[PDB]
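A.B. asks: Structural data only, the sequence is not supplied:
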Ligand SMILES: [Cl-]
Ligand SMILES: [Cl-]
Ligand SMILES: [Cl-]
Ligand SMILES: [Cl-]
Ligand SMILES: [Cl-]
Ligand SMILES: [Cl-]
């Protein structure tokens, strides 16, 4: 179906872009990966931005639009273990805010040491019985205020931190994951702990492979005009805008993504007015 | 007293910059002219010296020093203090068409600007004035399409005239009031003179940045920032001095966009502080 | 000394329009603004205290003191993001006035919004997509916002994560070094107090009137200076004869440049009549 | 069908025009009936506001609406002399900006002492050979800036001011007015001066006779709620609002009328939002 404006993503950028687009009565459509404003649950696997209108190819439906706001965020990197692929959506996940509610009063683990890992551990503490953060280094690379919150819960709450350790194998059966094999990288001593689910939070790349060859990109990030003269979210293709983490490899905060999401909606409004 | 980070302002940008700075345990100080912690100082900075380290800020009686400065003084509509106004106030020069526009019934007036405010004032004055001449420095108008269409309809079939790529150089008049304007085409540099009974300045919210004149690179009162995709997007021409919110944004001007750059400024400042000693 | 027949406080459409009309009546008005024949004088100063109990009225500036026979208050209204109660101790750690600034830090947490205007409703709606639950707290029995937004709010209150507590005010924000964890509220009609658990509170009152210096001397309601209004003249007069108020300081409904200009004009004409009969 | 509208505004002075702007900004597609904005030139001679929708009767067409903004202003007041009615549109007028151009290089008079009289005398000075302002009091009840303009022209221009005097009779013949009989109210001495035309500018009464019996009124002015709680322009009938000089007998400035016109549009918007 055809729409004046389609927004890809539902993080702070996508959501803020929809609010502003809706306030301008553009009747935006948000297409978000399965897991006024109209919300469509679909996953775009291909796009054609060389002609007007722009074409988006979903699982079964095809969409067309006059303007496109890309706010797909980032997607988790995986360790690459066979037991990781093998237990996907069955004890292995890379999105605590997606699947974390299924582990109420259960023991879970988080693998990583950046902001994503710390934020996921903190988010899972309010749901899980216990949260075990596993990281290969001796220190964490996150904001100080979040580290202090984490350490407070590690000393007096339901969080355990295992330093200088890597995930060797995810163990489980037909019903799902039930254990993890870990190894201390400094001592090479292996252990085995019981876990109902593990959350991989080790690194994030922008979700932009489908735009390869059509949009100017650098290290996977969609290039935007930026600047102080307006049209700051516009890509090399007029009418195609990018906001949030897909076009920001420095700040990566919900508030900065919300800001560019707003900008994208206003940029799109101006493009539609002059069509 | 000396501080690692001082934030000037009290809007979404200043507030968001303080939150992030506080989360990084920088103990930020917010100096506002209103009258993991944050300190709030109620004072008005009337002068600054950003040429040496540390930066100096001059308040009403007390002086402050800092290693980094986040300018987020915002923008506010001015109704008083426009050029040539004091001599011609309510007698030819105004910034409020809905205030004294009614005194120009069957008279020729001008409106200076190209945003929503300028277009709306020109449209409002058309129902009163004999003719309305909209004067703008750019080639296009930065307003909603519905308002542009209304304006163009009156320009084609009404009493509205549009002079593009032009700026107001001087307001000419005498004891009884304004009677002419000196204008200049910014592309050709050719100056002209048109007869007008009154002029209406419609630029909207202007940035609060007069104290930084001569030290920070500015354009139309807005503090220039690096912007871009390689970090330090809120940095001014002086390293360690950052600007966020409406003082450095003349396009979007939303609370959420100001909050975004405020956050960016705090993170840019954090990086500058980490690499100092 | 620094005496004037008419002094106007403010720099918005009301103050400006009041000056024009006062000047046209040759009252030689003085506009005192806190920024930085038939004439108007502009003084750049900030009034921090006033004494309106005697004639002439006294205004205290940074260094100069002024006296006047009539006073037109047109100080407007501005959004405050800083200086809310209990904020200084809990800033960016439980107390805020900008949901779009730090709302994202309350994902899957219980939060509250204080207010009943467009700002409060919009912040509650914005926070619903982030927070576990949003509790809107308002002192009145009805909401003073656009109907389309009220319907959105009520839809989420009936089928979503929004709860509404009417006829209630925030008495105290409770918490510790790590942040806010509770709120003390009071029902203004029954005076019964309660205590609810909250991870963060968002104060959403909008543009508030700049009138704290007139507390105790001028009749006010929710910070707005009460004016006589009506159809019999002296519509901008406060409880003190010779003291008038115009613009957003005395209007919590329309808040347009043209409506403020109208009352600013009215204030100048009301002041002119007061001066003629002195 | 097509004769029905969500909002109809009666009048085109500052109140009516400001109400239309705001109504249009709220996408109400307002219609202005004056005697995305639509302008209709018609005169309403009867209204029925007792039922929904409200009915308005024009010269030939009938209109219906969900909300009504009355901003009909005021119309010139006349002394009530027989010779005044008798020379209407033939030497007697109450609108200098209407008929003043027909007295180029002729002697004219203006009767009154308020802003209207002063402004008409000043307007007529640029056209007429001479302008004689006649007023019953010793001083003028107008803005000081306008009085100074008038007095400057009275001392160095073509304006003459006759104080403490009233118009007793308008004298003329088949071709029109040619003289006026005036009397000094303090001395009772009468005089006779030659004039080609006289302009009555003594006051303005509200244009509201068609609303008699349906809307609460006082001395012809439509009563409005006023106040500080909103709906300040609402009459005794919900959905019917009044703005400008029709509901203001004190201030009467273009800017005050513009203000209430804005208020009326916002009040009407709220009434329409809650209709369903
Ligand atoms: Cl000047
Ligand atoms: Cl510009
Ligand atoms: Cl410049
Ligand atoms: Cl002020
Ligand atoms: Cl002083
Ligand atoms: Cl005639």
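C.D. replies: Happy to help now that I have it. Numbers count the residues shown, from 1 in each chain, chains lettered A, B, ... in the order given. Ligands and ions are numbered 1, 2, ... in the order given.
A.B. asks: drop to CA atoms for contacts and neighbour counts, all remaining ones
C.D. replies: Fine.
A.B. asks: List the buried residues for the helix ranked longest in chain A?
C.D. replies: If each helix of chain A is counted by residues according to DSSP state H, the longest one is helix A:254-273. Under the neighbour-count criterion of 16 or more other C-alpha atoms under 10 Å in any protein chain shown, helix A:254-273 has A:254-272 buried.
A.B. asks: could you check whether stretch A:107-119 is close to chain B?
C.D. replies: No - applying C-alpha under 8 Å from any C-alpha of the partner chain, one finds that stretch A:107-119 is not in contact with chain B, the shortest distance being 13.3 Å.
A.B. asks: just to revisit the earlier point, tell me which other helices or strands the longest helix of chain A touches.
C.D. replies: Under the contact definition 3 or more C-alpha pairs under 8 Å, 6 or more residues apart in numbering or on different chains; DSSP states H and E, helix A:254-273 sits against helix A:12-23, strand A:62-70, strand A:240-242, helix B:255-274, helix C:99-102.
A.B. asks: Kindly state the beta-bridge partners for the nearest residue to residue A:194 once chain neighbours are set aside.
C.D. replies: The shortest distance from residue A:194 to any residue other than its chain neighbours is 4.3 Å, reached at residue A:179 (C-alpha to C-alpha, 6 or more residues apart in numbering or on different chains). According to DSSP bridges, the residues that bridge with residue A:179 are residue A:171, residue A:194.
A.B. asks: now swap in residue A:76 and tell me
C.D. replies: Beta-bridge pairing for residue A:76 (DSSP bridges): residue A:204.
A.B. asks: What is the burial count for it?
C.D. replies: As a burial measure, the neighbour count of residue A:76 was computed by other C-alpha atoms under 10 Å in any protein chain shown and equals 17.
A.B. asks: about what we covered before: the residue nearest to residue A:194 touches residue A:173, doesn't it?
C.D. replies: No - distance between residue A:179 and residue A:173: 9.8 Å, which falls outside the contact criterion (C-alpha atoms under 8 Å).
A.B. asks: So for those two, which residue has more residues nearby?
C.D. replies: The residue with the greater number of neighbours, taking residue A:179 and residue A:173 and applying other C-alpha under 10 Å, is residue A:179; the counts read 21 against 10.
A.B. asks: will you turn the helices and strands packed on helix A:254-273 into CSV that also has distance to ligand 1?
C.D. replies: Compiled in CSV, the helices and strands packed on helix A:254-273 are given as follows (distance: least, C-alpha to the ion, whole Å):
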stretch, distance to ligand 1
helix A:12-23, 40
strand A:62-70, 46
strand A:240-242, 44
helix B:255-274, 31
helix C:99-102, 39
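A.B. asks: export those to TSV and tack on distance to residue A:114?
C.D. replies: What follows is the helices and strands packed on helix A:254-273, written out as TSV (distance: least, C-alpha to C-alpha, whole Å):
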stretch	distance to residue A:114
helix A:12-23	20
strand A:62-70	25
strand A:240-242	25
helix B:255-274	16
helix C:99-102	21
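A.B. asks: and of the ones you listed, who's closest to residue A:199?
C.D. replies: helix A:12-23 (21.8 Å; C-alpha to C-alpha).
A.B. asks: Check chain A and tell me which residue is nearest its centre.
C.D. replies: In chain A, the C-alpha nearest the mean C-alpha coordinate belongs to residue A:74, at 4.2 Å (C-alpha atoms, centre = their mean).
A.B. asks: tell me the contacts of the residue nearest to residue A:194?
C.D. replies: Residue A:179 is in contact with A:170, A:171, A:172, A:192, A:193, A:194, A:195, A:196, counting by C-alpha atoms under 8 Å, 6 or more residues apart in numbering or on different chains.
A.B. asks: my read: the last one touches residue A:108, true?
C.D. replies: It stands for residue A:196. Yes - judged on C-alpha under 8 Å, residue A:196 makes contact with residue A:108 at a distance of 5.7 Å.
A.B. asks: who's more crowded, those two?
C.D. replies: Residue environment comparison for residue A:196 versus residue A:108 gives the larger neighbour count to residue A:108, 28 against 19, counting by other C-alpha under 10 Å.
A.B. asks: burial count for residue A:44?
C.D. replies: Residues contacting residue A:44 under the criterion other C-alpha under 10 Å number 19.
A.B. asks: these two touch, right, it and residue A:55?
C.D. replies: No - applying C-alpha under 8 Å, one finds residue A:44 not in contact with residue A:55, separated by 10.2 Å.
A.B. asks: For the closest residue to chain D within the stretch 151-275 of chain A, which residues are in contact?
C.D. replies: Of all residues in the stretch 151-275 of chain A, residue A:273 sits closest to chain D, at 17.0 Å by C-alpha to the nearest C-alpha. Each residue near residue A:273 by C-alpha under 8 Å, 6+ apart is listed here: residue B:145.
A.B. asks: Need the nearest residue in space to residue A:141, chain neighbours excluded.
C.D. replies: Counting by C-alpha to C-alpha, 6+ apart, the nearest residue to residue A:141 once its immediate chain neighbours are dropped is residue A:114, at 4.7 Å.
A.B. asks: so who does the one you found touch?
C.D. replies: A:140, A:141, A:142, A:201, A:202, A:203.
A.B. asks: Adding distance to ligand 4, write those residues out as JSON lines.
C.D. replies: As requested, these are exported to JSON lines (distance: C-alpha to the ion, whole Å):
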{"residue": "A:140", "distance to ligand 4": "49"}
{"residue": "A:141", "distance to ligand 4": "47"}
{"residue": "A:142", "distance to ligand 4": "44"}
{"residue": "A:201", "distance to ligand 4": "52"}
{"residue": "A:202", "distance to ligand 4": "53"}
{"residue": "A:203", "distance to ligand 4": "51"}
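A.B. asks: Name the nearest of those residues relative to ligand 5.
C.D. replies: Nearest to ligand 5 among the contacts of residue A:114 is residue A:142, at 48.8 Å by C-alpha to the ion.
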